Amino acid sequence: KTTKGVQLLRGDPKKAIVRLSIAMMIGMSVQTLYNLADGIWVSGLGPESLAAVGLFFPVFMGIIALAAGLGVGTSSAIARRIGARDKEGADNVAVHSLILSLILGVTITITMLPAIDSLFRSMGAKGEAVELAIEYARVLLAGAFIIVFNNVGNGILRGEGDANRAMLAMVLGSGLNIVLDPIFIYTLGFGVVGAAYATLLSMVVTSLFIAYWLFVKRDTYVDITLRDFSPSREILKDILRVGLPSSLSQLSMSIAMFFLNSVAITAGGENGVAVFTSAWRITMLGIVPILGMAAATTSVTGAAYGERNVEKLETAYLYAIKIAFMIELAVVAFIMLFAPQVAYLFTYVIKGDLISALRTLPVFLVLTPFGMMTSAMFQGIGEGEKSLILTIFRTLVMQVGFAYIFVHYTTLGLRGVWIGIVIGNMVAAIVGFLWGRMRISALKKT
């Protein structure tokens, strides 16, 4: 009645942080590799194919945000029950989360399918452009349930500390999508819609593995059955108090990027937006280790909170920050030193401005862990609303705010955008860190 994952969660927090975060970073790196490769295949199909992907992209990211939001709500709620040695509670959360995956996933499909035509056209698309985007979108929308299920499955695994399988499920899915991409797009000649089917099939296979582990081998720590299922308002509210604000955090980010783009356009037009796009994509690569660490932090602080061990929660939180800080130091030094080389490789025009960008913009990555791990621990203790507030403050008030100030009130132009983004992120990192310290001392008094 105990797994390696549960032993890990109930063990030394530093050991748990390292194991989980390495596992998440590996899984997320394969997801990143898939994305880069798919970007390349699609690029060679022409403007009409890119524009079709472009039309669906906000919807698709919205679907990811909802799925991953439910996943982290699930992870946190399970980790806390396990820490509290509430086995029946952990079982019931898992069952609840799986029923929610069906409700959410299918709702996404049935709501968007009849909406996408009007949506794409309202975006300014006409005739053939509309038709191609719909062919592409409907394949992916068909798998909305699968996506949510996979994310919930991953959430359950992370919640009970099973770093190994959570990682494996990510590797299998993105790895299979990497294999199927050139075969569906070019070999079978399906073009852009081929990329959608490669993705749909990859997700289906992932779900088959997860369903096998959960329902056939039944070798997770949590027991999952409908025989023992009694609807719980408290469980539903617990999941959504982390899950909904997590999803909304992605929305805040998306809105922020829109404004950031408009500022880049104001400063540099098509040239400026191109430089920003490239510099941001490269800098977001440095974000990957932080995300893996955040996922670890949520599970580990959750378990500690359930155990009512504030010392343990604080240790995991601060150790996560320290490790992410060190990693980011190396990442930033690397990009800063090798900016011309890095630019050369991602461009194949905008070289000089991109090099400047790569030697200013990535600086904020060094302070990101202080805010992001705080957000992850807020989620671990179940207070997702605080994580959302911090996310809004960083992305919309600080990032966009300062970027706007430097461009409208100074003569820095493009460089002012990078500087504003850096300054904004760093202020938010300090505020978030201070809030986390305050929250923790409050815990010690409670």
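Numbers for residues come from their place in the sequence shown, where the first is 1.
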With reference to the PDB entry, specify whether the mean Cα temperature factor is higher for 155 to 163 or for 326 to 334. 326 to 334
Can you let me know which of the two, 227 to 235 or 139 to 147, has the higher average C-alpha B-factor in the entry? 227 to 235
Out of 181, 86, 270, 219, whose C-alpha atom has the biggest B factor in the entry? 270
Among 29, 391, 379, 49, which residue carries the highest C-alpha B-factor recorded in the PDB entry? 49
Thinking about Cα B factors across the chain, which third does residue 96 belong to? lowest
B-factor third for the C-alpha atom of residue 286 within its chain: highest
Please say which third, lowest, middle or highest, residue 428 falls into when its CA temperature factor is compared across its chain. middle
What third of its chain, lowest, middle or highest, does the C-alpha temperature factor of residue 396 fall into? highest
Chain-wide C-alpha B factor ranking for residue 258, given as lowest, middle or highest third: highest
